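Colleague: Quick one: structure below, then a few questions.
Cβ placement follows ideal geometry from the backbone for every residue including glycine, while neighbour counts extend to all protein chains displayed. The numbers here are math on the coordinates, done by the rules we state, and not lab data.
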Amino acid sequence: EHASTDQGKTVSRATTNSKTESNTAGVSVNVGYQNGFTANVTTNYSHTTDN
Amino acid sequence: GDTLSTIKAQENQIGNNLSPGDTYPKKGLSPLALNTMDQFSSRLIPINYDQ
């Protein structure tokens with residue numbers, strides 16, 4: 001027979017650098033009653049950027 | 001048999017004149033909107049499924 005015994009040892013090191021760019025856009029429509037009949041329209045837009 | 005809702009004329013639905021045998025609005029004119037859905041009005045009268 002042939003018998004073996006191997007043993008190892010690793011050491012690693014990783015570095016990541018990310019960069020994201022997001023845009024948003026929405027519309028919100030509201031109708032209701034508060035001492036009379038109401039209505040709204042909201043239009044928003046946003047921009048995010050993270051590193 | 002049930003009262004759906006009780007209405008009372010707003011300050012803009014008051015008839016200035018009503019002679020005997022006449023109407024308001026007069027004959028030939030178009031009738032009044034009961035609610036008008038305005039900043040003065042009350043909520044619309046609801047009904048169930050049974051009603």
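Colleague: Going 7 Å from the Cα of A:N51 along its beta-carbon direction, which residues of the range A:14-29 have the amide nitrogen within less than 18 Å of the resulting point?
Modeller: It comes to A:15-22, nothing else.
Colleague: Let me ask something else. Would you report the distance distribution of C-alpha pairs in chain B as whole percents per 5 angstrom bin, up to the bin with the largest distance?
Modeller: Histogram of Cα-Cα distances, whole percents per bin: 4, 15, 21, 20, 16, 14, 8, 2, 0.
Colleague: Measure of size requested: the Rg and Dmax of chain A, with Cα atoms as the atom set and Å as the unit; please supply both.
Modeller: Computed over the Cα atoms of chain A, radius of gyration and Dmax are 29.7, 95 Å.
Colleague: On to the next question. Report the calculated FRET efficiency for B:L44 and A:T43 (r = Cβ-Cβ distance, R0 = 41 Å), to the nearest 0.05.
Modeller: Efficiency at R0 = 41 Å is approximately 0.90.
Colleague: Can you give me the convex hull volume of the Cα atoms of the protein assembly as shown, divided per residue and expressed in Å³?
Modeller: Details: hull volume 40.4 nm³, N = 102.
It is 396 Å³ per residue.
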